[PDB]
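Alright, here's a single protein chain in two forms, structure 1 and structure 2, each given by itself as structure tokens.
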Structure 1
């Protein structure tokens, strides 16, 4: 029953992870409607797949710009992850391909909002609203960890709010498949777990720390460790000092004491009972975990629903070496 899917989810992921799909569509299969946005590496275009009639958000990444901005490994890693994972709170890569000039990531079209701008505009979320979004991160990390993936870049900036007001994780540049320990310094200063700063190796428990930072930031409107310069943030994080706003519930303070636990060996999510120490915490008492997974809970916020330049694809292959695996 429960054993059936967790095994099968992992087998489907591993097959795709070990042999990634490449060039699963091509440019002439899409009608180009308009530019939705401009990214670091190029544009995002609204496209219509000619055969299905479905709309997609086609991210176009200029290979030369990815190389210049030193985002090669991050771009390859994100695409390799996105073509292998399948979970309700992870963005859906529908097709990928490359040509002489560009990489193309054809994403499910989401006319939503960004968690970052919504949270900053609202200021702070109520505990019930924060809990709704938090539950989705708990299930998403349970899923990623079951595949030995460490996410290691949680922050509001990496979460969209979709058309039904659920969140989707949008960025996988840093995520790593690893059994046990890894060392790479990455993330954003305010979300670094103490064991990252201590620079002696860390494991998937850094994700549960980051969940603590996100829950605090959602409920307070500011994160637990901040300062005008990073060095002082790193000091506060390893210092093991945190102060909760007087409006935090006692249940929220208890959860965050156990997630913002400097000793990864005592941190919730990293003990014998794993994710259940979090799911069965009093702060989540009202949470229907299966109904969140099935997206049956009513979300608290539903987002509100001659510019064209042509795509020129060079005659000559650019950066063939760097993007061979894409």
Structure 2
């Protein structure tokens, strides 16, 4: 069942991986409305597709900034992987294309906003609320990992809540197709596994660490390791002593000690039983994994939505003109985009 599912999931993925989609829209097919969010470099805008009238989220990447930050390969990774995957909690890439100055990835617009904003506004999530989101990340990582994909940037800022209150994972910027180990220092400081930090080489178990960080932060309202600067955070991660809010249930604490486990022979996700050590953990005992995949569970929270194009679940951002030069920049570098 899971085996037949993942197997055919894999054949579908490989066909798209081997022959990616290219150039399925162009800039003037869309009206740009408002910025939805921004990252290290580059921004996401709410746009309206002229001919269909549908709204989308358009991620704009300046090729020159990509090159300068040395993210060419990661950007090619991002698009090649996002156009090939298919899972109920992964955001859909609807179009991609490039022009003289920029790379564009047009996704389904997920109007409920970032988990981040809700989390900070509300304070923290009760354990059943946190568990419901966590479950979706567990299933998503089972899917991804099965394709030899590592995700590498789990955090509430890259998690979107859809109109049904379910999660949509976005930002495949550091996603990578790798069998065995890899070495890139990347992710977000609060979420980095200690082996990433220690320059050891690392594998997919870093996504299970990050899940532990996510679950903690969701339930606590603050991360397990915080400080004012990254370097202080790394220190605390490397120590690995973790302390839990007084309100955490015994089950939750036990799960987190097994995810935020500095020892890879003992971290959940990374063992002989694989994801089942997580799915069968006591904290998830009330979770109907089939029902979650099927999206039949009642969400704990359903965002307010006032008609298409509403951005009220998102912060406001400074807008700025998207330039497009008359000279092609970095054409060769991004040919396969």
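Residue numbers count along the first chain shown, from 1. By rigid core we mean the largest C-alpha set that fits within 1.5 Å across both forms.
After superposition on the rigid core, the C-alpha displacement between structure 1 and structure 2 reaches 2 Å or more for just one residue among 100, 117, 250, 86, namely 100. Core-superposed comparison between structure 1 and structure 2: CA of residue 271 displaced by less than 2 Å.
Fitting the two forms on the rigid core leaves the C-alpha of residue 163 displaced by under 2 angstroms between structure 1 and structure 2.
If you fit the rigid core between structure 1 and structure 2, you'll see the Cα of residue 56 move by 2 angstroms or more. Taking the core as the reference frame, the CA atom of residue 45 shifts 6.5 angstrom between structure 1 and structure 2. On core superposition, residue 137 has its C-alpha offset by 0.2 angstrom between structure 1 and structure 2.
Overlaying the rigid core between structure 1 and structure 2 leaves the Cα of residue 32 displaced by 8.1 angstrom.
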